[PDB]
>>> print(open('run_31.cif').read())   # mmCIF, C-alpha atoms
data_query
#
loop_
_atom_site.label_atom_id
_atom_site.label_comp_id
_atom_site.auth_asym_id
_atom_site.auth_seq_id
_atom_site.Cartn_x
_atom_site.Cartn_y
_atom_site.Cartn_z
CA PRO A 7 0.80 22.64 22.91
CA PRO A 8 3.87 20.39 22.48
CA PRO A 9 4.76 19.37 18.82
CA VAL A 10 3.37 16.39 16.91
CA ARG A 11 -0.13 15.15 17.64
CA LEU A 12 -0.09 11.41 17.40
CA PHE A 13 -3.54 10.08 18.12
CA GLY A 14 -3.13 6.42 18.95
CA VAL A 15 -4.57 3.48 20.81
CA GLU A 16 -3.08 4.49 24.10
CA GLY A 17 -0.99 6.95 22.12
CA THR A 18 -2.91 9.51 24.09
CA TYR A 19 -0.88 8.04 26.98
CA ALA A 20 2.28 8.71 25.05
CA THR A 21 1.11 12.24 24.21
CA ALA A 22 0.38 12.87 27.87
CA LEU A 23 3.76 11.50 28.97
CA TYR A 24 5.42 13.69 26.38
CA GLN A 25 3.57 16.86 27.37
CA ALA A 26 4.08 16.08 31.04
CA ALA A 27 7.81 15.74 30.69
CA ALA A 28 7.97 18.90 28.63
CA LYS A 29 6.52 20.70 31.64
CA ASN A 30 9.05 18.90 33.82
CA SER A 31 11.62 19.99 31.21
CA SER A 32 13.57 16.70 31.37
CA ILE A 33 12.31 14.68 28.45
CA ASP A 34 15.66 13.23 27.42
CA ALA A 35 16.19 11.76 30.88
CA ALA A 36 12.68 10.38 30.88
CA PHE A 37 13.15 8.91 27.41
CA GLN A 38 16.43 7.34 28.41
CA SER A 39 14.93 5.80 31.54
CA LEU A 40 11.94 4.59 29.56
CA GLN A 41 14.39 3.00 27.15
CA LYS A 42 16.14 1.33 30.08
CA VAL A 43 13.00 -0.18 31.58
CA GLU A 44 11.88 -1.21 28.10
CA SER A 45 15.27 -2.81 27.55
CA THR A 46 15.14 -4.75 30.80
CA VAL A 47 11.56 -5.81 29.98
CA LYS A 48 12.73 -6.93 26.57
CA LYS A 49 15.71 -8.59 28.23
CA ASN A 50 13.34 -10.42 30.54
CA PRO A 51 11.90 -11.99 27.42
CA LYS A 52 10.03 -14.92 28.88
CA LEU A 53 8.40 -14.33 32.21
CA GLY A 54 8.28 -10.62 31.78
CA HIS A 55 6.94 -10.24 28.26
CA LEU A 56 4.53 -13.00 29.17
CA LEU A 57 3.56 -10.82 32.10
CA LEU A 58 2.41 -8.31 29.55
CA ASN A 59 -0.39 -10.82 28.90
CA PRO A 60 -3.74 -9.81 30.48
CA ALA A 61 -4.61 -12.33 33.14
CA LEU A 62 -2.93 -10.67 36.11
CA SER A 63 -5.01 -9.18 38.89
CA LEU A 64 -5.25 -5.49 39.71
CA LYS A 65 -3.31 -6.19 42.85
CA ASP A 66 -1.00 -8.59 41.00
CA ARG A 67 -0.56 -6.02 38.23
CA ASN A 68 0.34 -3.46 40.90
CA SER A 69 2.90 -5.81 42.35
CA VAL A 70 4.29 -6.42 38.88
CA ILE A 71 4.91 -2.68 38.60
CA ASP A 72 6.48 -2.50 42.03
CA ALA A 73 8.74 -5.34 41.08
CA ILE A 74 9.45 -3.71 37.71
CA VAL A 75 10.74 -0.50 39.26
CA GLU A 76 12.58 -2.67 41.74
CA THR A 77 13.91 -4.82 38.92
CA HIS A 78 16.65 -2.36 38.11
CA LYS A 79 15.73 0.59 40.34
CA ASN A 80 17.01 4.00 39.24
CA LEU A 81 14.33 5.31 36.91
CA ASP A 82 12.73 8.73 36.46
CA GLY A 83 9.79 9.37 38.73
CA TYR A 84 7.61 10.57 35.91
CA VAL A 85 7.84 7.23 34.19
CA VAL A 86 7.19 5.56 37.55
CA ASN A 87 4.01 7.57 37.81
CA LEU A 88 3.31 6.53 34.24
CA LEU A 89 4.00 2.90 35.11
CA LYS A 90 1.51 3.25 37.91
CA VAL A 91 -0.99 4.87 35.56
CA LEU A 92 -0.77 2.05 33.04
CA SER A 93 -1.16 -0.60 35.72
CA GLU A 94 -3.99 1.24 37.42
CA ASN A 95 -5.70 1.70 34.09
CA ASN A 96 -5.00 -2.04 33.70
CA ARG A 97 -3.54 -1.74 30.26
CA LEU A 98 -0.07 -2.88 29.45
CA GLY A 99 -0.92 -4.37 26.05
CA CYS A 100 0.48 -1.18 24.63
CA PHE A 101 3.47 -0.76 26.89
CA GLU A 102 6.31 -1.10 24.45
CA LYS A 103 3.89 0.58 22.09
CA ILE A 104 3.71 3.60 24.37
CA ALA A 105 7.48 3.55 24.64
CA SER A 106 7.90 3.57 20.88
CA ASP A 107 5.38 6.37 20.57
CA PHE A 108 7.10 8.44 23.26
CA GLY A 109 10.27 7.97 21.26
CA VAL A 110 8.62 9.34 18.14
CA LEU A 111 7.36 12.36 20.03
CA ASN A 112 10.73 12.83 21.69
CA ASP A 113 12.80 12.60 18.54
CA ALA A 114 10.30 14.87 16.84
CA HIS A 115 10.92 17.35 19.63
CA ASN A 116 14.63 16.83 19.08
CA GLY A 117 14.01 17.45 15.37
CA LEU A 118 15.22 14.11 13.94
CA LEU A 119 13.29 12.79 10.91
CA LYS A 120 13.28 9.27 9.57
CA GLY A 121 13.21 8.26 5.95
CA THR A 122 13.22 4.95 4.13
CA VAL A 123 14.78 3.60 0.94
CA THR A 124 12.85 0.41 0.28
CA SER A 125 14.52 -1.82 -2.31
CA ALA A 126 14.56 -5.60 -2.90
CA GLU A 127 18.22 -5.75 -1.98
CA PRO A 128 20.69 -3.79 0.17
CA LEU A 129 21.90 -0.84 -1.89
CA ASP A 130 25.32 0.78 -2.24
CA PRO A 131 26.65 2.85 0.67
CA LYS A 132 27.28 5.44 -2.04
CA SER A 133 23.55 5.38 -2.70
CA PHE A 134 22.77 5.74 1.02
CA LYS A 135 25.05 8.74 1.29
CA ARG A 136 23.91 10.30 -1.97
CA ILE A 137 20.24 10.14 -1.07
CA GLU A 138 20.95 11.44 2.44
CA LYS A 139 22.89 14.26 0.86
CA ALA A 140 20.15 14.98 -1.68
CA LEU A 141 17.41 15.11 0.92
CA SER A 142 19.50 17.24 3.23
CA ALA A 143 20.28 19.55 0.35
CA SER A 144 16.60 19.92 -0.49
CA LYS A 145 14.00 21.60 1.69
CA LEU A 146 12.58 18.08 2.16
CA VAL A 147 14.83 17.91 5.19
CA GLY A 148 14.20 21.46 6.29
CA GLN A 149 17.32 21.56 8.48
CA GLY A 150 17.03 22.07 12.17
CA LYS A 151 16.05 18.47 11.62
CA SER A 152 18.10 15.48 10.64
CA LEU A 153 17.44 12.43 8.56
CA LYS A 154 18.01 8.88 9.64
CA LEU A 155 17.46 7.31 6.26
CA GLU A 156 17.02 3.56 6.48
CA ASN A 157 17.30 1.25 3.51
CA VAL A 158 15.06 -1.70 4.05
CA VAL A 159 14.82 -4.84 2.03
CA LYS A 160 11.40 -5.84 0.81
CA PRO A 161 11.36 -7.97 -2.36
CA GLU A 162 7.85 -6.55 -2.82
CA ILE A 163 9.45 -3.60 -4.47
CA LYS A 164 11.42 -5.41 -7.13
CA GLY A 165 14.18 -3.08 -8.24
CA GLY A 166 14.58 0.65 -7.95
CA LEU A 167 13.83 2.61 -4.84
CA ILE A 168 11.11 4.44 -3.06
CA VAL A 169 12.22 7.34 -0.96
CA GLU A 170 9.92 8.03 1.92
CA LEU A 171 9.97 10.71 4.58
CA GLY A 172 7.46 13.22 5.87
CA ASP A 173 4.66 11.31 4.08
CA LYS A 174 6.22 12.43 0.84
CA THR A 175 7.52 9.64 -1.30
CA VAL A 176 9.01 9.36 -4.73
CA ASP A 177 8.69 5.83 -6.05
CA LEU A 178 10.76 4.88 -9.04
CA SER A 179 10.80 1.11 -9.01
CA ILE A 180 10.64 -1.41 -11.81
CA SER A 181 7.58 -3.08 -10.30
CA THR A 182 5.46 0.11 -10.24
CA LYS A 183 6.57 1.21 -13.69
CA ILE A 184 5.97 -2.30 -15.02
CA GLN A 185 2.47 -2.17 -13.55
CA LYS A 186 1.64 1.04 -15.39
CA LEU A 187 3.28 -0.24 -18.56
CA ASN A 188 1.43 -3.57 -18.40
CA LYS A 189 -1.86 -1.73 -17.97
CA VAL A 190 -1.12 0.41 -21.03
CA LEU A 191 -0.38 -2.78 -22.99
CA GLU A 192 -3.61 -4.20 -21.58
CA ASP A 193 -5.34 -1.16 -23.00
CA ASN B 1 14.32 4.28 -18.35
CA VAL B 2 12.28 1.16 -17.63
CA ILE B 3 9.95 2.69 -20.22
CA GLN B 4 12.79 2.57 -22.70
CA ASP B 5 13.76 -0.96 -21.64
CA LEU B 6 10.26 -2.35 -22.19
CA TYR B 7 9.71 -0.25 -25.31
CA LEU B 8 12.95 -1.44 -26.84
CA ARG B 9 12.49 -5.05 -25.79
CA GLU B 10 8.89 -5.40 -27.03
CA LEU B 11 9.34 -3.52 -30.28
CA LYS B 12 12.51 -5.30 -31.28
CA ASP B 13 11.67 -8.80 -30.17
CA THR B 14 8.22 -9.09 -31.63
CA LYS B 15 7.09 -7.49 -34.84
CA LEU B 16 5.77 -10.61 -36.53
CA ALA B 17 2.70 -12.41 -35.33
CA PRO B 18 0.80 -15.34 -36.94
CA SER B 19 -1.49 -14.36 -39.81
CA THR B 20 -2.81 -16.98 -42.18
CA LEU B 21 -5.63 -15.91 -44.49
CA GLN B 22 -6.69 -19.54 -44.89
CA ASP B 23 -7.52 -19.85 -41.16
CA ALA B 24 -9.67 -16.69 -41.51
CA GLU B 25 -11.78 -18.33 -44.25
CA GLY B 26 -13.14 -20.94 -41.80
CA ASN B 27 -14.54 -18.17 -39.63
CA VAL B 28 -16.33 -16.21 -42.44
CA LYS B 29 -19.24 -16.83 -44.85
CA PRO B 30 -18.51 -18.05 -48.42
CA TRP B 31 -19.53 -16.07 -51.50
CA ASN B 32 -21.60 -18.14 -53.88
CA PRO B 33 -23.65 -16.86 -56.80
CA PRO B 34 -27.48 -16.42 -57.03
CA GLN B 35 -29.63 -19.26 -58.33
CA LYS B 36 -32.84 -19.39 -60.35
CA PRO B 37 -32.82 -16.30 -62.65
CA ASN B 38 -36.01 -18.08 -63.98
CA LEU B 39 -38.06 -16.18 -66.57
CA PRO B 40 -41.81 -15.94 -65.61
CA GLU B 41 -44.22 -18.68 -66.72
CA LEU B 42 -46.77 -17.81 -69.38
CA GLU B 43 -50.35 -18.80 -68.66
CA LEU B 44 -53.91 -18.22 -69.84
CA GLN B 45 -52.89 -18.16 -73.49
CA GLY B 46 -55.61 -17.83 -76.14
CA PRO B 47 -59.23 -16.68 -75.94
CA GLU B 48 -59.95 -20.27 -74.80
CA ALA B 49 -59.99 -19.03 -71.21
CA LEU B 50 -62.14 -15.99 -72.11
CA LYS B 51 -64.81 -17.86 -74.07
CA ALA B 52 -64.93 -20.33 -71.20
CA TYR B 53 -65.20 -17.44 -68.70
CA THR B 54 -68.00 -15.59 -70.57
CA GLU B 55 -70.00 -18.82 -70.61
CA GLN B 56 -68.94 -20.08 -67.15
CA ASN B 57 -70.40 -17.32 -65.04
CA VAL B 58 -74.11 -17.35 -65.79
CA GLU B 59 -74.40 -14.03 -64.04
CA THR B 60 -72.81 -11.70 -66.53
CA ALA B 61 -75.05 -8.91 -65.20
CA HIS B 62 -78.00 -9.19 -62.83
#
>>> encode(input="run_31.cif", output="structure tokens")
Amino acid sequence: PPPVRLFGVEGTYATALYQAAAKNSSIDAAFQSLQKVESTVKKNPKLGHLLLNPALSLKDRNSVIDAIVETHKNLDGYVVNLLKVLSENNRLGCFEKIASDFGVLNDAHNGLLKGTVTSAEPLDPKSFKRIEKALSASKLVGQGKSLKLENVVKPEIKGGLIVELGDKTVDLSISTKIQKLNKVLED
Amino acid sequence: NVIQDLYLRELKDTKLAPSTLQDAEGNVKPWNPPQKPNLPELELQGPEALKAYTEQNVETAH
């Protein structure tokens, strides 16, 4: 069955959407259209993200969908059937969640991998490139797959780096090393 | 790396700590010498006790 099994809270919806669009072949189109309706939802920030709140009727939810595919009509029909499904199933509290999940499945299908370089400060571009190079060089990025390596700032990790991707991490930070050191000097 | 930094920093920057023997003394028991090497007391000198004893107990054999 289609790659990557993400069991989620309505991530079964995403899985279904994914598998459904694989059998329709056009996943990229679907993903793009899903991005567009997500974008116009996001760009209807008040009084359209506040209509993701559960208080609307079944009939009113249905009319919210009809208005949504009206709202900037020209959307794939598979995501309009999905929109209907989510409304009918009266869940839309994981709508952008489903979108994000469909993206993960899609870009997994595409082959793209994500990494992370947590630090307490933005690191050199030389560092960004060097790590991207290193990972690409190693089997860690298997190739036939790409790495969008993202440095993030979290002061939680004071100094160093932690490289993350594929649930494989290497953490050389001052905080973690300090922890182990402290413990050994508390022994 | 960080191991070296800490190792270096700690080792170099501290290598003396307080240590006064006098403060230790307060927390330990003092040695002081035994008392009373007293020689035993001598008693029941003379046959005065014996003569008294032979007489004293009427029953010397019954």
>>> interface_residues(input="run_31.cif", of="chain A", to="chain B", cutoff="9 Å", atoms="all atoms listed in the file", output="ChimeraX atom specification")
/A:179-180,183-184,187
>>> residues_near_point(input="run_31.cif", point="(9.7, -0.5, 42.6)", cutoff="12 Å", atoms="only C-alpha atoms", output="PyMOL selection string")
chain A and resi 43+68-83+85-87+89-90
>>> resolve_selection(input="run_31.cif", expression="the PyMOL selection byres ((chain A and resi 140-147) around 10)", output="list in words")
residues 118, 119, 120, 121, 134, 135, 136, 137, 138, 139, 148, 149, 150, 151, 152, 153, 155, 169, 171, 172 and 174 of chain A
>>> closest_residue(input="run_31.cif", among="A:101, A:177, A:95, A:109", to="residue 47 (chain A)", atoms="all atoms listed in the file")
A:101
>>> decode(input="run_31.cif", residues="region 33-114 of chain A", atoms="C-alpha atoms", output="mmCIF file, in the first residue's frame")
data_model
loop_
_atom_site.group_PDB
_atom_site.id
_atom_site.type_symbol
_atom_site.label_atom_id
_atom_site.label_comp_id
_atom_site.auth_asym_id
_atom_site.auth_seq_id
_atom_site.Cartn_x
_atom_site.Cartn_y
_atom_site.Cartn_z
ATOM 1 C CA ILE A 33 -1.420 13.775 -5.892
ATOM 2 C CA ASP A 34 0.612 16.878 -6.666
ATOM 3 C CA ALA A 35 -2.438 18.656 -8.053
ATOM 4 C CA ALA A 36 -4.467 17.597 -5.052
ATOM 5 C CA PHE A 37 -1.740 18.742 -2.674
ATOM 6 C CA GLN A 38 -1.462 22.066 -4.426
ATOM 7 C CA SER A 39 -5.220 22.628 -4.304
ATOM 8 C CA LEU A 40 -5.291 21.580 -0.663
ATOM 9 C CA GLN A 41 -2.554 24.124 -0.046
ATOM 10 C CA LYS A 42 -4.649 26.758 -1.813
ATOM 11 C CA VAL A 43 -7.795 26.153 0.221
ATOM 12 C CA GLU A 44 -5.683 25.975 3.371
ATOM 13 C CA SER A 45 -4.079 29.261 2.396
ATOM 14 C CA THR A 46 -7.394 30.985 1.814
ATOM 15 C CA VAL A 47 -8.683 29.555 5.112
ATOM 16 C CA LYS A 48 -5.576 30.865 6.818
ATOM 17 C CA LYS A 49 -6.017 34.133 4.952
ATOM 18 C CA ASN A 50 -9.572 34.319 6.230
ATOM 19 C CA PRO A 51 -8.066 34.404 9.695
ATOM 20 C CA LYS A 52 -10.973 35.690 11.723
ATOM 21 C CA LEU A 53 -14.366 34.506 10.648
ATOM 22 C CA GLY A 54 -13.047 31.482 8.899
ATOM 23 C CA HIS A 55 -10.618 30.069 11.428
ATOM 24 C CA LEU A 56 -13.267 30.836 14.007
ATOM 25 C CA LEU A 57 -15.583 28.779 11.835
ATOM 26 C CA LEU A 58 -13.301 25.880 12.552
ATOM 27 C CA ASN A 59 -14.760 26.083 16.072
ATOM 28 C CA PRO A 60 -17.383 23.384 16.792
ATOM 29 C CA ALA A 61 -20.714 25.056 17.313
ATOM 30 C CA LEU A 62 -21.958 25.036 13.733
ATOM 31 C CA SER A 63 -24.860 22.826 12.730
ATOM 32 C CA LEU A 64 -24.650 19.850 10.411
ATOM 33 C CA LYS A 65 -26.570 21.855 7.870
ATOM 34 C CA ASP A 66 -24.590 24.993 8.722
ATOM 35 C CA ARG A 67 -21.349 23.012 8.513
ATOM 36 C CA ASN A 68 -22.463 21.775 5.088
ATOM 37 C CA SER A 69 -23.123 25.317 3.980
ATOM 38 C CA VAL A 70 -19.725 26.345 5.300
ATOM 39 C CA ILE A 71 -18.180 23.767 2.980
ATOM 40 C CA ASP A 72 -20.270 24.881 0.041
ATOM 41 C CA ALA A 73 -19.192 28.414 0.690
ATOM 42 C CA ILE A 74 -15.579 27.276 1.136
ATOM 43 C CA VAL A 75 -15.394 25.676 -2.283
ATOM 44 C CA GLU A 76 -17.202 28.720 -3.594
ATOM 45 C CA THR A 77 -14.802 30.977 -1.730
ATOM 46 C CA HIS A 78 -12.161 30.660 -4.399
ATOM 47 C CA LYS A 79 -13.657 27.970 -6.651
ATOM 48 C CA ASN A 80 -11.202 25.969 -8.763
ATOM 49 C CA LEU A 81 -10.139 23.107 -6.533
ATOM 50 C CA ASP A 82 -9.580 19.399 -7.170
ATOM 51 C CA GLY A 83 -12.690 17.288 -6.869
ATOM 52 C CA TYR A 84 -11.020 14.767 -4.636
ATOM 53 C CA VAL A 85 -10.386 17.393 -2.004
ATOM 54 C CA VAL A 86 -13.966 18.594 -2.466
ATOM 55 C CA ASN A 87 -15.132 15.088 -1.700
ATOM 56 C CA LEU A 88 -12.743 15.172 1.241
ATOM 57 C CA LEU A 89 -14.145 18.518 2.342
ATOM 58 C CA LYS A 90 -17.566 16.958 2.229
ATOM 59 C CA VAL A 91 -16.323 13.953 4.184
ATOM 60 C CA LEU A 92 -14.881 16.093 6.955
ATOM 61 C CA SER A 93 -18.042 18.167 7.233
ATOM 62 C CA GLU A 94 -20.288 15.133 7.105
ATOM 63 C CA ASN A 95 -18.176 13.443 9.726
ATOM 64 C CA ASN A 96 -18.543 16.773 11.557
ATOM 65 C CA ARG A 97 -14.892 17.137 12.317
ATOM 66 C CA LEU A 98 -12.888 20.087 11.171
ATOM 67 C CA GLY A 99 -10.843 20.448 14.369
ATOM 68 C CA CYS A 100 -8.123 18.678 12.473
ATOM 69 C CA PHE A 101 -8.499 20.373 9.119
ATOM 70 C CA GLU A 102 -5.206 22.168 8.814
ATOM 71 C CA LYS A 103 -3.907 19.161 10.689
ATOM 72 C CA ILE A 104 -5.074 16.873 7.901
ATOM 73 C CA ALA A 105 -3.545 19.240 5.396
ATOM 74 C CA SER A 106 -0.183 19.165 7.133
ATOM 75 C CA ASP A 107 -0.340 15.390 7.354
ATOM 76 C CA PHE A 108 -1.226 15.054 3.664
ATOM 77 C CA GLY A 109 1.813 17.190 2.978
ATOM 78 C CA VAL A 110 4.033 14.833 4.950
ATOM 79 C CA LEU A 111 2.684 11.850 3.061
ATOM 80 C CA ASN A 112 3.000 13.687 -0.231
ATOM 81 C CA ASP A 113 6.554 14.857 0.271
ATOM 82 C CA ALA A 114 7.431 11.406 1.516
#
